[PDB]
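Before any comments, here is the structure.
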Protein chains: 2
Amino acid sequence: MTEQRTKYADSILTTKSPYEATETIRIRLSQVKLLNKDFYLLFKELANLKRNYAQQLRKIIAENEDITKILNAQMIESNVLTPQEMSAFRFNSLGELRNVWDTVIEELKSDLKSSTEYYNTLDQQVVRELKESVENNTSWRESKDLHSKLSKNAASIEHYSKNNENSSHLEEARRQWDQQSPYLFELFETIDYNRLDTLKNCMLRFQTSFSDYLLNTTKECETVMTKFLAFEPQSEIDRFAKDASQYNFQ
Amino acid sequence: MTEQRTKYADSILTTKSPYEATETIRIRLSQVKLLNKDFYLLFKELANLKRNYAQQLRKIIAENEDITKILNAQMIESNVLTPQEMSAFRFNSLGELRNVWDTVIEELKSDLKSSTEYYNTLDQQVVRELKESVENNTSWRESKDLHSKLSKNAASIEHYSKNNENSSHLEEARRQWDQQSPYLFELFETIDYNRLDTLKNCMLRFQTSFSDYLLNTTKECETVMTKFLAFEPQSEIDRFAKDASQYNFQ
């Protein structure tokens with residue numbers, strides 16, 4: 001039920017002729033539907049952007065995650081070692097650079113995962129709700145039948161500004177109008193409240209998921225930084241000096 | 001000068017026959033060049049990804065920043081108001097939704113700006129340095145001429161495992177080898193140190209710029225959240241009730 005709404009009725013219904021009042025609703029509810037289309041399209045594009053970005057990243061990862069495999073192929077491709085020599089080459093060529101490279105990929109994966117969760121939420125919790133704005137609001141389908149019926153009443157009344165086809169209609173139309181307009185306005189305000197709350201929730205849902213994305217990416221960024229700062233060229237130098245002194249390169 | 005380097009000479013030069021030693025360098029410096037190619041390509045793709053993302057976002061913004069203009073066009077396109085009625089329609093249709101929409105765009109712009117600064121840095125401070133790894137290191141061009149000259153010496157020596165073309169060459173080759181190998185190794189180690197420091201700096205430069213991106217985006221995210229939480233459907237309801245009661249919709 002909607003008898004708690006009286007603001008619009010007292011401000012608009014009461015202060016206008018029937019026709020102006022029905023025009024006010026017409027324009028306002030049309031803008032409602034048009035505005036939802038705008039929010040939907042904007043966010044459908046943002047989710048798509050994040051979606052494509054996540055796909056591009058997924059691909060970059062797949063192509064760069066196995067550094068051992070990448071280096072072996074390069075050596076054979078560049079004739080650094082023959083296929084034969086390669087199959088017998090058990091030297092630890094990457095040393096400490098293995099974890100450095102791997103640390104970068106991990107961050108990329110950590111990003112991929114967070115980004116995915118992000119646009120997933122945009123799809124289901126934001127874009128979806130913004131998509132269904134007239135097909136979901138039952139009070140909408142309802143007020144449209146009433147609005148139409150009363151809009152023709154208000155037009156009749158507006159038409160009879162002097163005298164026409166037995167003004168007995170100008171009386172019936174006004175009677176119908178006075179009988180249902182209060183209810184039309186209760187719906188009118190209810191719909192406006194709901195689309196407004198819908199938008200606020202969708203936007204906050206947007207901010208929260210975006211905010212979560214950032215928070216998790218920040219954590220990952222912090223640890224990655226720690227590892228990078230811990231890497232020491234000197235360490236790899238010593239590590240290679242020792243490993244090489246033990247391996248026969250002929 | 002490079003006489004401070006002795007680690008590789010003491011661990012590799014000293015513990016191997018000339019040929020094995022020159023092979024050790026060959027393989028290691030080849031891997032250096034191949035690894036830099038791998039880091040470069042990976043980051044060239046990451047910068048490109050962020051670059052494309054920034055372009056896609058720039059476009060989404062351009063297309064959605066003027067909500068007043070977007071709504072007016074929709075109303076005329078959907079026959080909510082005739083072109084005539086539109087030119088005379090001075091009603092504040094958007095009300096509080098204007099700042100909400102604008103708040104989203106601002107965040108998008110704030111993001112665009114931070115993302116741009118981000119991939120810009122990746123291009124100039126990371127990808128660029130990783131691109132020039134052999135064409136910039138002068139010690140490289142230098143050690144390649146020495147390495148080649150000494151590699152032929154080490155091959156001669158390795159060849160004369162018994163007796164051949166007046167072993168007076170096996171003596172000259174060894175003399176040449178003993179005269180310059182210490183220096184070849186000083187270069188060898190210097191190059192390895194430099195590419196290792198290069199990689200560490202590039203990666204840290206990567207982390208720092210990525211970290212800055214996140215920090216600024218977080219700030220923006222915090223304020224945006226504050227504004228969204230401050231929005232009140234009830235407020236727009238009252239605002240519309242008042243504004244409409246004052247505007248003539250006929």
Side-chain angles (χ1 to χ4, degrees), chain A residues 71-95 236-237 239-250, chain B residues 1-37 133-196:
Chain A
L71 191 51
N72 288 334
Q74 291 181 102
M75 293 187 96
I76 282 175
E77 179 55 37
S78 305
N79 327 300
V80 177
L81 246 30
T82 68
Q84 227 104 67
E85 311 175 317
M86 185 66 80
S87 72
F89 195 61
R90 304 301 173 195
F91 184 69
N92 179 186
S93 301
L94 293 162
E236 167 59 15
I237 291 291
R239 172 259 126 190
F240 177 80
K242 310 194 172 78
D243 282 351
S245 76
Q246 298 180 316
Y247 195 80
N248 182 179
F249 288 102
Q250 209 179 314
Chain B
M1 260 300 286
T2 56
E3 199 185 69
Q4 300 161 300
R5 303 311 184 188
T6 58
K7 191 67 59 182
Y8 284 10
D10 302 339
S11 295
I12 310 174
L13 176 55
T14 303
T15 67
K16 306 177 181 301
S17 68
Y19 179 67
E20 209 210 311
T22 54
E23 277 295 279
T24 300
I25 296 179
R26 204 199 85 224
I27 292 165
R28 177 64 161 188
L29 286 189
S30 274
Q31 299 190 320
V32 167
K33 157 213 61 188
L34 295 176
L35 240 15
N36 279 333
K37 179 67 167 183
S133 46
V134 44
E135 46 259 74
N136 283 190
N137 199 71
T138 201
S139 301
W140 182 283
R141 286 71 70 65
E142 181 184 4
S143 65
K144 260 59 283 300
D145 305 318
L146 215 215
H147 176 75
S148 169
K149 183 170 63 182
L150 291 192
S151 280
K152 69 197 199 312
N153 283 331
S156 310
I157 300 171
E158 186 61 22
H159 168 57
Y160 300 82
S161 51
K162 177 188 175 182
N163 296 297
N164 296 308
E165 289 179 42
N166 206 56
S167 57
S168 57
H169 292 65
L170 172 58
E171 200 166 311
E172 242 308 83
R174 181 68 206 208
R175 212 195 83 186
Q176 256 250 305
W177 170 263
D178 287 326
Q179 284 158 189
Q180 299 167 298
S181 60
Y183 181 58
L184 172 66
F185 273 77
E186 271 165 52
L187 284 168
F188 175 43
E189 185 176 343
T190 296
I191 294 175
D192 207 356
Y193 248 107
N194 292 349
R195 66 103 179 201
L196 288 175

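Residue numbers begin at 1 in each chain, while the letters A, B, ... track the order of the sequences. Side chains included, hydrogens not; waters and symmetry mates left out as well; all remaining heavy atoms used.
You'll find the side chain of A/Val80 reaches within 4.5 Å of the side chain of B/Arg26, heavy atoms only. A heavy-atom distance below 4.5 Å is not found between the side chains of B/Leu187 and B/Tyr8.
Within 6.0 Å of CD on A/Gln250 lie more than 12 heavy atoms contributed by other residues, nucleotides or ligands. Counting non-hydrogen atoms of neighbouring residues, nucleotides and ligands closer than 6.0 angstrom, the CD atom of A/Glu77 reaches no more than 12 such neighbours. Within 6.0 Å of NZ on B/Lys33 lie more than 12 heavy atoms contributed by other residues, nucleotides or ligands.
B/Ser143 pairs in a side chain to side chain contact (heavy atoms under 4.5 Å, CB included) with only one of the listed residues (B/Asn137, B/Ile191, B/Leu150, B/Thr190), which is B/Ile191.
Although no hydrogens or angles enter the test, the distance criterion places no donor-acceptor pair under 3.5 Å between the side chain of B/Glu20 and the main chain of B/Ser17. Proximity of a side-chain donor or acceptor of A/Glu236 to a complementary backbone N or O of B/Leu196 within less than 3.5 Å is not detected. Between the side chain of B/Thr14 and the main chain of B/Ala9, a donor-acceptor pair closer than 3.5 Å is present. Between the side chain of B/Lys16 and the main chain of B/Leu13, no donor-acceptor pair closer than 3.5 Å is present. Side-chain atoms of B/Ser167 do not come within 3.5 Å of backbone N or O of B/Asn163 as any donor-acceptor pair.
Taking the centre and axis of the six-membered ring of B/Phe188, the NZ or CZ atom of B/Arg28 falls outside the cone set by 45° and 6.0 Å.
Taking the six-membered ring for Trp and the full ring otherwise, the centers of A/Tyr247 and A/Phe240 sit at least 6.0 Å from each other.
A salt bridge does not link B/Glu171 with B/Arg174: none of the charged nitrogens is closer than 4.0 Å to a carboxylate oxygen. For the pair B/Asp192 and B/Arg195, the salt-bridge criterion is met [side-chain N within less than 4.0 Å of a carboxylate O].
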Stepwise side-chain contact (heavy atoms from CB on, under 4.5 Å) check, B/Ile157 with B/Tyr19 | CA-CA 8 Å; B/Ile157 300 171; B/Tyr19 179 67; over 6 Å; no
When you look at B/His147 and B/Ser151, which way does the side-chain hydrogen bond (donor to acceptor under 3.5 Å, both in side chains) test go after all the steps?
-> CA-CA 6 Å; B/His147 176 75; B/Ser151 280; 3.2 Å; yes
